[PDB]
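Chains as they are written, first to last, in the entry's author numbering: chain E, 454 to 502; chain C, 454 to 502; chain L, 1 to 110, 118 to 221; chain H, 1 to 221. By construction, the Cβ of each residue, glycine as well, lies at the ideal position given by its N, Cα and C atoms.
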């Protein structure tokens, strides 16, 4: 996860994959500007640092 | 609607049909105990009161 | 011995916010200003970060930066990730009367699965042999991936000495080409039966045969 | 708009003396910091030198300490860099760096630079071999043409065909390293086989350190 509404309490996990809201204008639940997908995927390499 | 996360401000409408959360443990977005569907259908009959 | 530690390949993602971390070792990087430099591959470098918080005129506001003191690291965040971002990044600090630069972090990625290799032989002519010299060149091109082995077969025994092979190079055909050179003497050229240069690929083996008779 | 030119490279020497110059315009040379910076081909950035706006204070990295010198003047708005006792590590592209307030603001100014490479072991006469494949079938990589360059040192070699008249289909293979550390390469052009006797083909080989220009006819066997 990259974005959240607020901080997370200790020993608390979340499973929801909704659209994170950053601005004031709602984006009507579709991909666009000022709202993105908070879950993000890792890129792994064998010859990295 | 029979459930909401909190009260609704005047002149505000909601279209989202997510899963209601009543308790502390999440139900992982599937129908089960301690979480239900806040929107409900209604039944009419011609010979009611 | 001030030095800055950062990766070499990060931000390989389309269209979302990612961060790159550069950290210092010998001293605290928060004492002095740290900067990020963005260079065009094969062209003049530029700068995306100066003063550790502000921007040059004309640079888009998609990039952003931050500093944390718990890790002694520098964080640069990129938001837009448009088609313009093909560069490698550096972090530069200042300890005492000297400048230190980062290692570098390359960021590049923001029809037929099998290609038949064309193989050509060039035996020496009369001009080569009259100067006590014999060049046999084994040329290969249009292969994918560029993982091939070049070997030379004589009449009855493979050779080991006198064969040199270069790394494949990127041509203008979305393929690769490699060359192999062999130095030989005329006495064994006429004392053999048939010459062969064989190449091996993934589940493929192409062999050619020539004769000294011309 | 700040304008920079660098022209001090273009030749190879082992352990000799070299001069690089950066000329600047569009600002005041007597008020802002100046620096010199280099990068290796295919490697990362590294810092070389810096100098105060009046030339009073100059500093270097410990790798180049003892050698190297830098000087400046405000009359003609140019930077002077002089080197001595070069090594094989010095193959790098040098940019003249311009400061704003000090060593804490940042470089922020990068010139186009000049490709500077070094080489040793002098030079030797290249050998040209315009091979003529008179007898060859179709459905091959090269119909009928051949030129070979061998026993030359050092890189690079400008290869031209028919004094640059034709440039379509010219494929030049990269140089290969032999057992003695010697380079060799070949260049091939796809031409029709009906023009072997009706068209004259000239393979041109030029070597800059050896100052040799050899033009050879191509005659089928």
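So, are the CB atoms of residue 189 (chain H) and residue 169 (chain H) less than 8 angstroms apart?
yes
Tell me the rounded alpha-carbon separation between residue 180 (chain L) and residue 18 (chain H).
40 angstroms
Taking C-beta to C-beta, are residue 455 (chain C) and residue 479 (chain C) nearer than 8 angstroms?
no
Between residue 215 (chain H) and residue 216 (chain L), what straight-line distance do the alpha-carbon atoms span, to the nearest angstrom?
33 angstroms
Straight-line Cα distance separating residue 16 (chain L) from residue 488 (chain E)
10 angstroms
Bounding residues of the alpha helix (DSSP H) (the contiguous stretch that carries residue 133 (chain L))
133–136
In chain E, which residues lie less than 7 angstroms from residue 479 (chain C) when you measure between Cβ atoms?
468
Cα-Cα separation, residue 50 (chain L) to residue 502 (chain E):
26 angstroms
Between the region 169–189 of chain L and the region 142–157 of chain L, can you find at least three pairs of beta-carbon atoms closer than 8 angstroms?
yes
Is the beta carbon of residue 124 (chain L) less than 8 angstroms from the beta carbon of residue 206 (chain L)?
yes
Inter-stretch contact at 8 angstroms, needing at least 3 Cβ pairs: the region 44–62 of chain L / the region 96–108 of chain H:
yes
For the alpha helix (DSSP H) containing residue 196 (chain L), list its first residue and its last residue.
193–196
Rounded separation between residue 109 (chain H) and residue 69 (chain L) - CA only
29 angstroms
Identity of the residue in L:141, L:79 and L:61 nearest residue 11 (chain L) by Cα
L:79
Are the Cβ atoms of residue 23 (chain H) and residue 2 (chain H) separated by less than 8 angstroms?
no
So does the region 461–480 of chain C actually touch the region 25–45 of chain L, counting three or more Cβ pairs closer than 8 angstroms?
no
Given that residue 501 (chain E) touches chain L, what residues does it touch there, using C-beta distances under 8 angstroms?
7, 8 and 9
Residues of its chain near residue 131 (chain L), where Cβ-Cβ distance is below 7 angstroms and the 5 sequence neighbours each way are ignored
141, 142 and 143
Given this structure, state the Cα-to-Cα distance separating residue 457 (chain C) from residue 483 (chain C), to the nearest angstrom.
18 angstroms
Inter-residue spacing [alpha-carbon to alpha-carbon] between residue 31 (chain L) and residue 5 (chain L):
17 angstroms
Is it right to say residue 468 (chain E) is buried, meaning 16 or more other beta carbons lie within 10 angstroms of its own, or is it exposed?
exposed
Minimum length 3: unbroken beta strand (DSSP E) runs contained in the region 139–172 of chain H:
147–152, 157–161 and 170–172
Measuring straight from C-alpha to C-alpha, what distance separates residue 35 (chain H) and residue 148 (chain H)?
45 angstroms
Whole angstroms is fine: what's the gap from residue 222 (chain H)'s alpha carbon to residue 493 (chain E)'s?
Beyond the ends of chain H as shown, which are 1 and 221, falls residue 222 (chain H); an answer cannot be given.
Can you pull the chain L residues whose beta carbon is under 8 angstroms from the beta carbon of residue 496 (chain E), in chain order?
10, 12 and 13
9 angstroms Cβ cut-off: residues of chain E touching residue 482 (chain C):
468, 469 and 470
Could you name the residues of the same chain whose beta carbon sits closer than 7 angstroms to that of residue 109 (chain L), not counting the 5 residues immediately before and after it, in chain order?
12
By DSSP's criteria, residue 207 (chain H) is part of a beta bridge. Which residues make up the other side?
H:157 and H:212
Does the distance from the C-beta atom of residue 98 (chain L) to that of residue 23 (chain L) stay below 8 angstroms?
no
Establish whether the CB of residue 277 (chain H) and some CB of chain L are separated by less than 8 angstroms.
Coverage of chain H is limited to positions 1 through 221, which leaves residue 277 (chain H) absent and any answer about it impossible.
Residue 116 (chain H) and residue 92 (chain H) closer than 8 angstroms at C-beta:
yes
Which one or two residues does DSSP pair with residue 90 (chain L) in a beta bridge?
L:37
Decide if residue 129 (chain L) is buried, meaning its Cβ has at least 16 other Cβ atoms within 10 Å, or exposed.
buried
For residue 103 (chain H), would you say it is in contact with chain L, using Cβ-to-Cβ distances shorter than 8 angstroms as the test?
yes
Taking the beta carbon of residue 222 (chain H) as the centre, do at least 16 other beta carbons fall within 10 Å, making it buried, or is it exposed?
Examination of residue 222 (chain H) is not possible in this model, given that chain H is present from 1 through 221 alone.
Have a look at L:92, L:76 and L:157 and flag the residue whose alpha-carbon is nearest the alpha-carbon of residue 222 (chain H).
There is simply no residue 222 (chain H) to check, as chain H begins at 1 and stops at 221 in what is shown.
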